[PDB]
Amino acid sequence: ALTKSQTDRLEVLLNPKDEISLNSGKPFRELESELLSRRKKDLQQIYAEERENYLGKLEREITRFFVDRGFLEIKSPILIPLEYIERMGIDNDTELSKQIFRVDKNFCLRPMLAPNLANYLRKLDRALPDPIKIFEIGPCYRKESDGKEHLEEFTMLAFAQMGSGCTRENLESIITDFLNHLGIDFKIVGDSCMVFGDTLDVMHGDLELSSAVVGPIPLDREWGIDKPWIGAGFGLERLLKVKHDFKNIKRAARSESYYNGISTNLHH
């Protein structure tokens, strides 16, 4: 019989590979010591043989994927004008506007990559040939209720193509090649969101891995875009959660409490 505090403690030390039961007869200290030893050996092995962080490693693999397929790598500001949020159609008093991390009077931490990538599409239209293909990977921020699938600080991949080839079939083809490369099974379901209209949601079971959009849409005019486009946004921590079978997305996050899904709190 373990307390909730004892059960929580063993939960954070448990890893998906473990075949260890908390409802066995073994006392708490005996269970904690064995798990502590396992998590120490896991960090030791990483320290000796790999030393790469899962979230950084995935970013590098995704970067290579899209660069090799003709997409320009973008690194745009994380801190952006609050006015970009308005021009996306996210008015005040809308439920999405209350997820915005505001900074000073006129800036915020970006909740999405779309505004910056939209400016890059319009600007790069003066220089690059058809089609224009870009992508960015970086931090995004949303105030969220507590949940095993949501983080307030997460990492988004967003890619976009503008010009020729911007069909639903091509968008699904890119998504399929991308998730085939990561080795992640998925299905596509139609849904609607209140920024882009109807989207294609990329589902792993009931977990949304991505929302993809087939342009053009009326919002394009507010950004100086008048060509067809296709795009999608993926959550890297959600990709890692599925890939490594984490029960809670905190295991995949920028964190001081977990490293590659291994608890960093290895005290007794």
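In this text, residue numbers run from 1 along the sequence as written.
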| item | value |
| --- | --- |
| Stretch with the greater mean C-alpha B-factor as recorded in the entry, comparing 62-70 against 220-228 | 220-228 |
| Stretch with the greater mean C-alpha B-factor as recorded in the entry, comparing 186-194 against 145-153 | 186-194 |
| Deposited CA B-factor, highest of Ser97, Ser76, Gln161, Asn119 | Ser97 |
| Maximum C-alpha temperature factor, selected from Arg110, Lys123, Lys133, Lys105 | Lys105 |
| Ranked C-alpha temperature factor of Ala253 among modelled chain residues, by third | lowest |
| CA B-factor placement of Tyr54, once the chain's modelled residues are sorted into thirds | middle |
| Ranked against its chain, the third holding the CA B-factor of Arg238 | lowest |
| B-factor third for the C-alpha atom of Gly165 within its chain | middle |
| Ranked against its chain, the third holding the CA B-factor of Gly89 | highest |
